[PDB]
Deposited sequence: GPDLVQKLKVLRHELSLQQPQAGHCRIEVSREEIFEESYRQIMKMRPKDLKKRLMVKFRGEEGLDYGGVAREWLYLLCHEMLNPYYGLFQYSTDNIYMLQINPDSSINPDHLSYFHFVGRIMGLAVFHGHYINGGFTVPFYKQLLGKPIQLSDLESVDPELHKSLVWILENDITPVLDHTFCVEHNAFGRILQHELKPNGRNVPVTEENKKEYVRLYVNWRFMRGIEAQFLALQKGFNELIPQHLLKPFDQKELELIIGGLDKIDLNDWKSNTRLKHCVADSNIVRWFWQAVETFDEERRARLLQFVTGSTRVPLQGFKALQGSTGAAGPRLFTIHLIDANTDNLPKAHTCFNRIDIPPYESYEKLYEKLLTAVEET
């Protein structure tokens, strides 16, 4: 199982975390994207491996990287910024935008997104944002298969399938060079060192084919991916990803994308109330009533993030923030019943007033989650 292989990866990463010092990030909520960019990019990789201390500017009086990561991923992964775009054929998943060159500094922003992804995995946190299958395969360092290219370029796929099941000796005159229309002009690109003078033979056509497929998936997003990858590997070394596949990397990076209710209830603690308190009974009744989306907004309202750890609700306050696992807490406060439930994201605690009815609790709970 994944938690087993992950604990080996987390232990190797934990050895790289200097027990002395804190990685200090203080950004505003209204400028979280550009302020986090400036602060993270000013640091050296060694500085990012120190235990995280994220504070929102001003809000430190009356801090969590869980909420900061959530709000930061929400911003950087939005197509408004031109780094990522939704896929045409996977309208539910992000991919690198090939027209990212519009921003001349795009390569530094991709390197920053990579730093944020590595920082999240390194500190036991997750990234809210789903990527495509070739994104995870590329990030992992493993080669894309020829069958994955049929959907992307069926004419090139047809040609490369011909090469593999035919004797190219009396027919082909290819080199490890691909000539393509680069917007307005044809450009020769070598697939390997000195590819223009390396002919494709029966002895090396398998290598030529896998390099051509790899090159075609990187078309337009080469500089972008390289930048992201260098930021990600500054926290998560490439060798430590070796025991994982595309689906396992997607889970390591983003956590579970389904909230189990029984695990949420098993890892819930109560302050100022007991299991048979009306507020507790009513809260869980309102929670079964909520849809998968309303449940995720409730998790974000209380814990600061929509992300569920791969170990479940038991490991809620990630690897760093204060001491350890600060479990989801229901706190019955004595306060005016016209108030909305308060949330202390730093403790995964919801302060619920002593409502007089289930419907009263429901409407105030729903109203708090939409805000």
Checklist entry - Which segments of the deposited sequence lack C-alpha coordinates in the modelled structure, numbering from residue 1? => result 1 to 2, 65 to 67, 377
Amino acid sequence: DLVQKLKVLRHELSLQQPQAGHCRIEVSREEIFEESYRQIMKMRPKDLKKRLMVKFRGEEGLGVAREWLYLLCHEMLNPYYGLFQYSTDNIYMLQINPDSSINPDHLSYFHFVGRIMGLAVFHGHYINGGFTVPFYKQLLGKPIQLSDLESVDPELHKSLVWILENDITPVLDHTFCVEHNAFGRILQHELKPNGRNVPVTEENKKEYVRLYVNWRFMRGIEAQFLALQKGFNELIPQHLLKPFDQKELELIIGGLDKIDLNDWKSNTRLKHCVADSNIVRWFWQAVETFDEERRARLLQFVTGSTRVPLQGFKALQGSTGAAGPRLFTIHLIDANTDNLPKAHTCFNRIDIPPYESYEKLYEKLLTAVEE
From here on, numbers count along this sequence of modelled residues.
Checklist outcome for this item: Ranked by mean Cα B-factor in the entry, 110 to 118 and 289 to 297, top stretch is 289 to 297
Checklist entry - Comparing 15 to 23 with 351 to 359, which has the greater mean CA B-factor as deposited? => result 15 to 23
Checklist entry - Out of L72, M93, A275, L211, which residue has the highest Cα temperature factor in the PDB record? => result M93
Checklist entry - Among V280, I236, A182, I163, which residue carries the highest C-alpha B-factor recorded in the PDB entry? => result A182
Item to check | Relative C-alpha B-factor of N197, binned into the chain's lowest, middle or highest third | outcome: highest
Checklist entry - What third of its chain's C-alpha B-factors does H189 belong to: lowest, middle or highest? => result highest
Checklist outcome for this item: So, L249's CA B-factor, relative to its chain, sits in which third? The lowest
Checklist entry - Is the Cα B-factor recorded for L146 in the lowest, middle or highest third of its chain? => result middle
Item to check | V133 by Cα B-factor - lowest, middle or highest third of the modelled chain | outcome: middle
